[PDB]
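*Asks:*
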Amino acid sequence: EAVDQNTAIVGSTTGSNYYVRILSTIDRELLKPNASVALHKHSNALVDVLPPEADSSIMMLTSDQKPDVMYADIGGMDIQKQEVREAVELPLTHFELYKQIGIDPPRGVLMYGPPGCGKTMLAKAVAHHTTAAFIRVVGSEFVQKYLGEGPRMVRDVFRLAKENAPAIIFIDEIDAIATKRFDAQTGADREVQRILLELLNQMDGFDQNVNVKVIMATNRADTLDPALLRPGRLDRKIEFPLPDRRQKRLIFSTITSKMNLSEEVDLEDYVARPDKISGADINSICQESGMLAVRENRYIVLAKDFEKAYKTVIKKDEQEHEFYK
Amino acid sequence: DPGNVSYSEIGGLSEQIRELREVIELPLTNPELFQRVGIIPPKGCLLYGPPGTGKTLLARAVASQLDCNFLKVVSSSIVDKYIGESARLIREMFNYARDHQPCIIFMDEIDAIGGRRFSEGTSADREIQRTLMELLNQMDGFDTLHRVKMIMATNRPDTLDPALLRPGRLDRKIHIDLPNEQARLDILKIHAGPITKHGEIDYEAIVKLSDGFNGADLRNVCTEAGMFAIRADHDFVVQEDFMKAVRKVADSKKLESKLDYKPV
Amino acid sequence: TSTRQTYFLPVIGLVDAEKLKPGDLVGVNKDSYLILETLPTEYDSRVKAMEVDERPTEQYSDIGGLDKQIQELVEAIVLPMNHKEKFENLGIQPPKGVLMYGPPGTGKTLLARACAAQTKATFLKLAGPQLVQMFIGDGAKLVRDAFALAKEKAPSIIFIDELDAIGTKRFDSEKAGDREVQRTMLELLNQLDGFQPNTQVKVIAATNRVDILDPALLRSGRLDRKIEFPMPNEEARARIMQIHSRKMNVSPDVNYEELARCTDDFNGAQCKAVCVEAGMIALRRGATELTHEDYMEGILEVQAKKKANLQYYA
Amino acid sequence: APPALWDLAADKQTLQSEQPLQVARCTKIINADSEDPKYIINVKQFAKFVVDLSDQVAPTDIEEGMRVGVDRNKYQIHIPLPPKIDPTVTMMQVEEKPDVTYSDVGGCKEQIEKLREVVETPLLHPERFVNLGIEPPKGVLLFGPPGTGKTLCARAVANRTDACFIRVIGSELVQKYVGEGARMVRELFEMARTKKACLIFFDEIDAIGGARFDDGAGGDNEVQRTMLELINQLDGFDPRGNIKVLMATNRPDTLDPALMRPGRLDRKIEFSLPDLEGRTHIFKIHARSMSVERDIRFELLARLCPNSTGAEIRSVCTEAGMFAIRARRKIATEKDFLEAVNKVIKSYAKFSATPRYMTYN
Amino acid sequence: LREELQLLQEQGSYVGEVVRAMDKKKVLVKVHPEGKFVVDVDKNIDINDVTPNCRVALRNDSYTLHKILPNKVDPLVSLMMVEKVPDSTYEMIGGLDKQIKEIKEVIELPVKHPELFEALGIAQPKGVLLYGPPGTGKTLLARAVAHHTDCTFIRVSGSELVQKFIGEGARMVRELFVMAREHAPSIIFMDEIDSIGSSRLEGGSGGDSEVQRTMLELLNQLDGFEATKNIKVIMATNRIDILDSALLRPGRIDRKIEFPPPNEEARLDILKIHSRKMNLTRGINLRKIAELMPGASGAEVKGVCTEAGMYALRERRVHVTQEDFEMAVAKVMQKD
Amino acid sequence: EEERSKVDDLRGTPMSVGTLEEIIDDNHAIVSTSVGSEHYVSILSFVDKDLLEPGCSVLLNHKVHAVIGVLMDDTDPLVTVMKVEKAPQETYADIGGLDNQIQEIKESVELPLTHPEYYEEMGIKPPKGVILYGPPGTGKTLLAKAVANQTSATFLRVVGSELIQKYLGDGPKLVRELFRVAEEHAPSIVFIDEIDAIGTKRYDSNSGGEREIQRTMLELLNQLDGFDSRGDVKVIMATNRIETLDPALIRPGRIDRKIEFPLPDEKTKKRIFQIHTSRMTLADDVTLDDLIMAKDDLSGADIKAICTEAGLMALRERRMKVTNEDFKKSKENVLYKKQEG
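Protein chains in written order, with the entry's author numbering: chain D, 94 to 418; chain E, 126 to 389; chain F, 126 to 439; chain A, 73 to 433; chain C, 59 to 394; chain B, 93 to 433.
So, in structure tokens, the structure goes:
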């Protein structure tokens, strides 16, 4: 921040707050509350900030530079996409409609359940059409040996997003940073969960308009803090709906429409017999019987391989705690 | 690993032996046979146990057997003391796995780095679960690792949490059980090969007397029997001492065979 | 660096690419940033040497009654020390895994060390408190270094203890600290199972009880010899204190059957203390020498329990 | 101020003596010496150096992994410093000064004497075991009611004739950050060996010595160390411990050190405890107190109080003075408190019998 | 410029925080990336001009203090507070006319009146709660009445990291009790532990026990000793622990108020309250829009026109029709 | 005089904050302060070289790092939780009819400090403290005793072992300082309200197992036992359930006293009630007796809080006067509070 006339406080890239009389000819206009200012070699004097910026990490793409995967193959998630349908395209392409309706667009998006996974690959989907940032980020990859790199990332993550906006950011498996802990060795992590708090702080600057889609995923909801689900943070929860007769017959048809299929193949018997348990991971199970064609010397997979995929995964009834009404 | 020929020196078992060749080798040489049918290549493999044993040697054997490029992952030092962020090192290793590709990776002990965070506690668990998140995301890409073959074996396939337990991260299910006495008949040959004695042998004798063992358990005690029999200072020893020693010694060794039966 | 930094330098300067692929301890001063010599080796303090001692100051020939089973044990240390030549004929490999156990005593604590006097190779003491780890990966890196310093000083001797401290991994989370340090044992296994180089410097283990640990430890690479040490019997029980009391004078009549017949549950160490309090009243008696009437009193004086009362019967 | 005036005077000689030896930072442990001129030293500042000495230091007088002084410019060897760890929890655990001598005994004669022959009788003359020795024994066992625990240690506090011994508080052994006290119990014995045979006593040894185990999940695991870790500290050949040991507890469990003590320790003795007689001395601990009325009788009250320990029956004689000051009674008559005694025994035995027999059973 | 560009290198410059001042004129200040220092005046700003726990500019040469700046503590606390819930007010709430006729006397009379507390002769009400469905507006009532009076608002734990952020370790409730000494009148709240799920009948007891104790030891540090007025606490639950509250309540010490289930009264206006910003014509029927939502919750009123707007959003219309509102009348009520 | 203008240059210009750690017995003090920087200080002024002691803080020079002065700095959660101060205005004349109970503890609250002589004129040494208990929920009526004890010495009231159960030990240690900071404030008095240790079972946050919670109470007494502590801090302790406490806590102390709280009788309720309604003006028909005469097995808190319900409706009408027509009818609400609640 700039404290008062002609001076201000700044941390270096070594993370120490300073007090310096700023360069005379530029007092304010480009300095701004939050930027990265180049500090004098000897003195660390306040002189000028970045353009801003080329920023630092990631920075975006992953579509034109690959990879990309077509979502249209899997249609069993349609009702799970119903959220993402209304919660992505129009929120980005219209900020004006949210003035007209009288309802504010939420940043809340959740994901959950894996396996069955979906999730990260479903985040690869909308990268086909909507052109924006896509950042692969976890909780544990941006852990550093120094505590101050968090805002050197997440505070830059925000200033690189809204400045390069329209842009979107998905944090894959955010659940790593939600752990409750004390010891001052984690005091850096306490500071990175203060950075999670500092990114919790400065992400609300997205309000209003341009721009973000806050989309979230966790396989376990235990340690997620109330301020992470805070009103105005997660207002929309997606869970994992289990694939079922529609989704099964969809996951039955979508896999075999590519690989060699037979008149021998009737999958309506398998929308019942294996469907009594799974569930799953059927997508890989759909590939498992395909992986059973490599046992040969084969062209079209047999039915004994269909059941072999079902007899390999999974068992059992069972059980001492399960079978007890 | 000596061998290569250690391939034939693991005794059993065919569908453990032969299938892992189709699971690993053929993906390398002929990916066309995958696209001929249209099946996606398996990018990894999984062992488990320990009914019977040999999960570590069969790996160790195939490494110098399958040849090509392979890199072993020592499971210990990853914790890295201060700042256990070293899950990055898997990417740092994966980066050259994308450079040196193709290359292969064996992993023993994925279970203790398979921490549950079931009911969370203290500190050293948090660095664990965080080191897991990258392993997921590395296989959750955003990337194609197909030219690396991830091989996984440990004590039990239980604590790993369901994220690993699905295909992708765990591509196939392979394991070992107690080798059959028919297959143990062969496991003694590769034990009885390097040891020379007087020519009196009945292989099925020890096989019918000594029952329900493992390759190393048999061998080491079979060599221990020769070592117990050479205590008499005489050189060559008939199976007499061995029909006694291996019998009696493994009886003591089967006292601690207790509680070896683990969930799948 | 020692300050964690890293530098990009024209090739050393002074010694050359001759050696090595990156090692430790490469001499450099500050801004000069050139490597003159690579000085061996390794690390660190007592992590380096757990215990380096001359040897036990006495020999096992004093204690007896456990002979035939340690006569089996002393082979495991001596046959790689010497008798491996017997296996060179028929192509056998020496035993690696071995275990020592039973409740005190027994006396392995003295005995498991007492065998190191006849090993003559350098010995290293490992114990549960060593496997207690402030930080993580040390014990692993320690065992990585312990078998460095083992194969480095090979032939050498290493014997461990309190295996039950790290014995169980629990099974299901959450969570154990030694569950990570079990991998040190798993690497100790991976070095004795998945790795060849552990072949030399035979390692022994001991516990107060074998109760619950990782049961898969059965193999030659991991622990093999399991010798149950029972309560010392009247053969040893008469001789143990006889060799413990050979240090001191005796009024030259003592049954030694009296105790040996009446010794029940008495440990070999209790017999060491039987002659103590017997000698303690001999002290406060002002006596010149110890007598059996003074001895046999010390039997029931140390054990058991009481005082309570003597009545109903008297 | 004349203290304060002379106090700021010699800072001149302090600043003149400041320049030499001031840079002796940092306290640093060495690593190895390959040959005569060379050394490598390692510090906790992260600085690791292979570096030489100041000529005042001889090579054979120094030990490996030894905290030393250094001038960090040359990185010389200034002087080695013996001490390492630990902080004030030691100086809390380590204790000094005397008090509470023999004569506070409540009449127990050879209950304390059997343990008086184990500790101070060998300490009076360590020469006593030159001729006859053999050995001063290894350890002891103590347990019973509260009366009187840790006062026999206080009895050893005042009657300690050599060096101030070290009490041990239980719940400071159990700690977070697995292995905290594990260092202590190990390293404090060398800190006790630094005091060359100065004795130690452990309190709440049943709590910290926890035994034995359950299948899952510990929990006790990290503490399963400390017990067997102390058994390793017991299984250390040296001395051991030149301090002998003295151990007081409550219940027979924990069993593992209690079944290890026949593997090492000796001398299992017991409280004392109430007796038909010694209560008169626990009633003669009040003898010189107050002024005993000529008609006050001990045996009269002593025969009326079974299973008295020492605790309440010390206050039993004291609760006379309770109602005395309350009722203005100038001195007390035995009838005065024995009215409130038969009260205070019953009134406090109505809810609580304090079944000491049940505690260890 | 060059002179200050000459001045500032040989030293640098920093910003300190004074934790104490000295009789010798020195001041206790930290170098925040590193260990603390203790420096002296600094003759422009005197000692009495600044108090401990304040922002100063650490000088870089004599390591003294250059200038004076404000410092923030509660803006971290109050932001963690204001994270959770907003306030609104009376006008933006409805259906509570019964219970606001009660709680208002609990709040304002200690703020406005208290000289007539002794006229009656009773002390401040120690606390209050609203039990019922979990449930809507009790937390609004908390912060809004805190805003109605402008008295500051506080909550209970607190996740992980508002704890050691104040102090180091303790019983930890005293520092929170010290917070209210800095700002009075103040409102403290239990967030949330209104639910039937936290019970477990054991494992949630001790978790709730200190949540129950967080009022108890505070009630023991409000009524038991210390001082004085203006401090209050609030509870919320449904059942179970409400009867377990009676375990804590043989009359000591709290006020018992019930939290009502919703009814058509609020349903009309509290939707009209949410209907201020939205675009809608005046041809909407209040009868069917209210009465089509029996039971449900107060959060039902939130979802009325949102998901109805979501399709009107998807439809792009400016102002909506009651049919789309009638569509979400089903939608948000399809789940139950 | 001149010394002040002399050594200020040696002090000058600034001085750091160190952490006092250990001493070379020659009085060269080795310190670990950020980051782990040592020094050797034998300096003549301001010391008191002994008592500054290991495990403290110091203030070091820049060149070179000599501690020229020291402080005692708290604040901290340590001192904050003990105080301040207070002495609320209530007295032991508030609770009548139980004087038999407090006249017992009268000598126990009196004899230490005030009126000490006949303790030492008898010389029998009864400084054993007190223990408390009673039904159903009491101990604020004993705070009505404790609010009177504020006339003498200094006092702190604590609640439970909770500060230990918040996390894996951590030992007693927060109790340790609270115990030994009472030595810093000695003479004083400390009380722990309604020990829940094993009375309550489950914990907040993370804790376990039983023995570590068992021993932190076992160490609570064993530190108070103690070896060997004269320090008072006269120890007041209470729990309303006599069951769950380990019975061994009585014998070391307090041995002589655990107060039995009798439930209020008919005239005690009469003696108690009017103290409240003394300030609240009753109407003409209001009578203390008949209501509490018919009602049975009440509590002093209720009979105090039964007046608050009239403090609503009469205050809803903004009336200074209580009405029994309401106080009868409104009592049904507090009656419903005890009956149905």
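All C-beta atoms, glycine included, are put in the ideal place defined by N, C-alpha and C.
Given 8 Å as the limit, is there contact between the region 272–279 of chain F and the region 322–337 of chain A, that is, 3 or more CB pairs closer than that?
*Replies:* no
*Asks:* Please give me, in chain order, every unbroken run of the beta strand (DSSP E) with length at least 3 that falls completely inside the region 260–285 of chain F.
*Replies:* The qualifying runs are 281–284.
*Asks:* Alpha carbon to alpha carbon, what distance is there between A/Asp286 and D/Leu385?
*Replies:* 46 Å
*Asks:* Against chain F, with Cβ distances strictly below 8 Å, would A/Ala254 count as a contact?
*Replies:* yes
*Asks:* For B/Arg268, which of B/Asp317, B/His368 and B/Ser129 has the nearest alpha-carbon?
*Replies:* The shortest CA-to-CA distance from B/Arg268 to any of B/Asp317, B/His368 and B/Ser129 is the one to B/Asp317.
*Asks:* Note the first and the last residue of the continuous alpha helix (DSSP H) segment covering B/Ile305.
*Replies:* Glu302 to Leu316
*Asks:* Along the chain, where does the beta strand (DSSP E) containing C/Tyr189 start, and where does it finish?
*Replies:* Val186 to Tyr189
*Asks:* Select from C/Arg117, C/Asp119, C/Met138 and C/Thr109 the residue whose C-alpha is nearest the C-alpha of C/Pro128.
*Replies:* C/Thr109
*Asks:* Using a Cβ-Cβ cut-off of 8 Å, state whether D/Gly232 counts as contacting chain E.
*Replies:* yes
*Asks:* Residues in the region 331–345 of chain E with C-beta within 7 Å of chain F's C-beta atoms, listed in sequence order?
*Replies:* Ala341, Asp342 and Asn345
*Asks:* Does the beta carbon of C/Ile180 come closer than 8 Å to any beta carbon on chain B?
*Replies:* yes
*Asks:* Kindly say whether D/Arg391, judged by its beta-carbon, lies nearer than 8 Å to any beta-carbon of chain E.
*Replies:* yes
*Asks:* Identify the residues that DSSP records as bridge partners of C/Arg78: which are they?
*Replies:* C/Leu86
*Asks:* For residue 443 of chain F, which of helix, strand or coil comes out of DSSP?
*Replies:* Because chain F is modelled from 126 through 439, residue 443 of chain F falls outside the range shown and cannot be assessed.
*Asks:* Using DSSP with H/G/I as helix, E/B as strand and the rest coil, what is B/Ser108?
*Replies:* strand
*Asks:* Should F/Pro220 be flagged as near chain E, meaning a C-beta pair shorter than 8 Å?
*Replies:* Yes, its Cβ sits closer than 8 Å to a Cβ of chain E.
*Asks:* For F/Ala265 and chain E, any beta-carbon pair shorter than 8 Å?
*Replies:* Flagged as an interface residue toward chain E: F/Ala265, by a C-beta distance shorter than 8 Å.
*Asks:* Quickly, what does DSSP pair D/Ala101 with across the bridge? List them, please.
*Replies:* D/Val113
*Asks:* Since A/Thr321 is in the beta strand (DSSP E), which residue starts that stretch and which ends it?
*Replies:* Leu318 to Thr321
*Asks:* Let me know if E/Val346 comes out buried or exposed under the rule of 16 or more other beta-carbons within 10 Å of its beta-carbon.
*Replies:* buried
*Asks:* What residues of chain B sit near A/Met163, judged by a beta carbon separation below 9 Å?
*Replies:* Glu145, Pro146 and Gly147
*Asks:* CA-CA distance, D/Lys409 and D/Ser371?
*Replies:* Within the model, the alpha-carbon separation for D/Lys409 versus D/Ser371 is close to 11 Å.
*Asks:* Select from the region 92–110 of chain C all residues with a C-beta closer than 7 Å to any C-beta belonging to chain B, and list them in chain order.
*Replies:* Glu92, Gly93, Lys94, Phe95, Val96 and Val97
*Asks:* Considering only C-alpha positions, which residue in the set A/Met256, A/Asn203 and A/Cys98 is nearest to A/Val140?
*Replies:* A/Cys98
*Asks:* Please name the residue, chosen from D/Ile331, D/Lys369, D/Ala396 and D/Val358, that lies closest to D/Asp171 on a Cα-to-Cα basis.
*Replies:* Residue D/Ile331 is the option with its Cα nearest to D/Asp171.
*Asks:* Mind checking which residues open and close the beta strand (DSSP E) that includes B/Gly161?
*Replies:* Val159 to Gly161
*Asks:* Quick one: what's B/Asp285 bridged to in DSSP?
*Replies:* B/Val251
*Asks:* In the region 245–257 of chain E, which residues sit with their C-beta less than 9 Å from some C-beta in chain F, listed in chain order?
*Replies:* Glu245, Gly246, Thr247, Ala249, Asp250, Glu252 and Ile253
*Asks:* Any Cβ of chain D within less than 8 Å of the Cβ of C/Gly70?
*Replies:* Chain D contact via Cβ: present.
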